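Below is one structure, written out as structure tokens; comments come after it.
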Ligand SMILES: *[C@@H]1O[C@H](CO)[C@@H](O)[C@H](O)[C@H]1NC(C)=O
Ligand SMILES: *[C@@H]1O[C@H](CO)[C@@H](O)[C@H](O)[C@H]1NC(C)=O
Ligand SMILES: [Ca+2]
Ligand SMILES: [Ca+2]
Ligand SMILES: [Ca+2]
Ligand SMILES: [Ca+2]
Ligand SMILES: [Ca+2]
Ligand SMILES: [Ca+2]
Ligand SMILES: [Ca+2]
Ligand SMILES: [Ca+2]
Ligand SMILES: [Cl-]
Ligand SMILES: [Cl-]
Ligand SMILES: [Zn+2]
Ligand SMILES: [Zn+2]
Ligand SMILES: [Zn+2]
């Protein structure tokens, strides 16, 4: 990172939309019920051809399917330079979808949490505990200066304070500056101590139906809707995919390249 | 591609090896027999830890296995920023080794061929016909200026001249400027008209045992033996992998970033 | 130059003082000087023009002297004087125009037109008399190698530059820290912006700095400093540094903290003002250092607390601005300013006659280029042409 | 300068001609000039300043006239003359040193030291006599705005620059095409290299161009042009343009083909030379354009054909050179050159007394920096100091 000095009189460059479409890949994530309702084995090819009419080279648009929000939330792997997630809305899963957004609309620096040997605390507002798995039942027992417990007994997991049960993904926020004993089903869950670094620009979430319920910030005083959180009313999935294809330029405009230097192990779909 | 003007007094920058390892990744390709002889369920983990001792962050080094040279030759996909292919030497498969090395050590620009409809010719020495698949059997009938076969009959494919039989990968080099009728088992193998652009500087091939027999150029008068074509003697695979890990600095030194822009979106790892 | 100025001054005094009914005692010395000018100029041939579209003109001087026996001037005397005055004024105007359109690199201070070079001879020094104007006074001081001085109201010392620097930036341009400025004429508006409002700053303080180097040393400068930069206090879409994209700026203005304006000469602090606004004096300086701070308000009302969240998105971007305006100054070199018209005169004369671009000044006499690369040769040529322009302004 | 030069010339003539036993007829005019100098200088107080470590020196002149009335000069005459000449030579050397170490951004052609400013008065004009040296002759021509000419052997016209341009390149640096050059003093060595040896060129010909823009116009220049550039004909490891990495150069020299040397003035072709080597004449130019070609040999013996394969790897890289040496030339401005000592004298005087860096010259009188930005102010100051140095060298 170095200072960047620019003149306010500099001329605008031509549109780079065509160049980025030519030299980037687009990943579309949709629920399996979308494929069920569409009921066509060539719809991938049709959407690819329509995107080609929009400008994307053949094969640059990758279509990925997930069973549901809960299953998709188990360590989601986003591959393309631009990722669009068509997330179905359910009034009963308002938190879960929000959690999913909070995991894919932001960059996270995570480290392992071996709770059996250590008692953990959250140092600042950015620190959270992200637990992912098939079944994540997390119980919390805040401790005292002698590491014994407040309203809870370290030995008796029954007296612990229940913060999650049977979850595929949960973001846990406890009071900062307090050590907690954690009881999680490590067999079917992995919990990580994570710091949110900032927005993840290459991931957009389009909520299919419902209202604005997403809250990607644990702070109760803020519920900010970034440009990457879209919401469309729907009755047919073909219309949903057609509006995604037609306004692809608008969707990408709301997104930017990731720009983060990572250290993790995830595959990517790049050109 | 703009001219680069430089001064012969510019101070050298420090070593970029550390940051390169922190920001790149290494794909090591080995045969199945390597894992068979090693006979350990976590040799990948210990190799990764040794690489970390050598500098590469955890999850950066990828290990890919192939049955043998012939199977690996069928459309090999190279993912990491740096690729090292451990190719075992078989005295009876010299041409197959040369063909694999030619395919993965060089950059090729390929287009499809319709051998059923149109005749084909090779424009220049950089033009070849690469055919790959489960089984490639290619026969060639050179034509004269009246599109009549020479020593072969266009109608009768038995009179054709056999240049490949049951091959999984073969590079066909016919006389340039002559149109040929091609009989290829298109039901089990695809032939593509390709042009050699230049070297693939991110792929090194380590020939395990044997002598220098690789020939990545169709010219009889050249057997380059570039710096990316190493050869080692072996009795045990663990020693081979230890040599690879210890001298990974030299191996990466012999390789450079790909530097070629691809118009095709494929799957890669990039940190 | 001194001879040309003396010709112009004699002609101006003749126009002003040779009037009907005035006592000859009011003009006796002036009439003597005028007759001396006639005597010196008589029998001399001059040629002006021949450059650009300025026409070639030939000047012959064969004139009779003015009378000296009158008690009060009458109409006949005034008309007789006015014929010669008109011819001489036309000659002086043409000489000034011919000199204003020429330039040299090595010896740009010396006369360029053949007419002025001829007038620089010894025999013409008889015409020389009172040199009282500021520009001719400075010309004579420079020729004697004495200290020179020009007073400028709102000196045009800063070349136009509307730029910015981003000390913290991302491709999406949503968490930006930096400073944007306009330097124009005698005005410097600077504004340091933090999108995060220095929430993550060490002491909840963000330090902003702006160094402006003056191409000439300014002395006895009166400056007005104000704590806001209105130019950068409204929302705007700004191009990127490379021009590839554009970003959004949505200022919310907070008072600047720990304001410190330093006026430096050769890197040494000559003047310093901390948390001082209004009129200040910079006695001698060539560089200005404006260092200010954005301090996060420790206590916020619910609306203010709503403006600035703990993390992104940052929709309201904290901004602290400074405005610096040099109202008057003194410089040893010639500069364009708001009150004078020498730059306008020289540019007008060059434009009207389509003078081809010379090897010294920028095309079209553009001031931003001239002051950006204000080299000693350019200073010499500019002083020469400005003095000629003032001499011409005495008459035309 | 003319008075100082005349003092130095009179002293040098006195030292050379006032010798024991010589006829007075051999020195009569010299004795008259020397007595005129004594009379003019008598009673005048001079001070050479204390700039840097140069000592403050005070000079008083009270000397008797050199005698007449000798048929042949005797030992007493020569002793008295030697005493007076020694004092005068010390004074002149100190004045020259004091002038050599000073500079001004504006009016840098005028005298800077107080002693030379005093010598520029009218009363000392009597000392002035024969001005025959090249530097004083050109000084007088410059004073009168006449054409100036300095003849240089191996003129120091090209600032040091060892650079390269890669027209075709890639991160591996195994297939490169471009040019590398050294421009130093009066020498230009250039070499166009192709790693592919123009295997894929339109006609197996690769065109290389090198443009050297001289910062001063050279006239009547004799230039040796040689086919090969020995500086770029051996294996090298060369840093990348940004310094990130180093690439390998392994030249195999082919003769340059279709050599074309154009000497240009103001973008106009003054001289052209095709396939010409040896001595050539560039009569008036300020730019040099060398256009050469690498032509792939149509016929290659087996050893040659082994070095240039159809495709990569290219282990032997085909290079075509060109050497261009300006043996002598004429320039209207002062320049350093192999034969003269003006730059060396000025630099030595500045270094000896630890003169602080001024606002005109680069630190240490670095010639590369001086001639890279050879501005008119720099030209005036450099001509002044070089003329003073040449005056001093007549005696010291
Ligand atoms: C940009 O667009 C303009 C207008 O169509 C065109 O003339 C120009 O070539 C384009 N490219 C660049 C690099 O300006
Ligand atoms: C480069 O190496 C030098 C010497 O080892 C060291 O002082 C310096 O900090 C390093 N980094 C840079 C950016 O120069
Ligand atoms: Ca959940
Ligand atoms: Ca409890
Ligand atoms: Ca917390
Ligand atoms: Ca919230
Ligand atoms: Ca094969
Ligand atoms: Ca046959
Ligand atoms: Ca062929
Ligand atoms: Ca070969
Ligand atoms: Cl005003
Ligand atoms: Cl020599
Ligand atoms: Zn920017
Ligand atoms: Zn010599
Ligand atoms: Zn390079």
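Cβ coordinates are placed from backbone N, Cα and C, and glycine is handled just like the others.
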For which of the residue intervals D:62-73, D:74-85, D:86-97 does Swiss-Prot record region 'Interaction with the inner capsid protein VP2'? D:62-73
I need to check the long-range neighbours of the region 'Interaction with the inner capsid protein VP2' (D:62-73): which residues 6 or more away from its ends have a CB within less than 8 Å of a CB in the stretch? 18-24, 27, 31, 34-35, 38-39, 41-43, 80-81, 84, 87
Across all chains shown, how many C-beta atoms besides its own are within 10 angstroms of the C-beta of residue D:266 (Ca(2+) binding site)? 10
For the region 'Interaction with the inner capsid protein VP2' (D:62-73), the number of residues DSSP places in helix, strand and coil: 0 helix, 1 strand, 11 coil
Between the C-alpha atoms of residue D:266 (Ca(2+) binding site) and residue D:153 (Zn(2+) binding site), the distance in angstrom, to the nearest integer, is 24
Which ones in the same chain are close to residue D:153 (Zn(2+) binding site), with CB under 8 Å and 6+ residues apart in sequence? D:327, D:328, D:337, D:338, D:339
Close in space, distant in sequence - residue D:286 (Ca(2+) binding site), Cβ under 8 Å, 6 or more apart: D:213, D:214, D:216, D:217, D:218, D:264, D:265, D:266
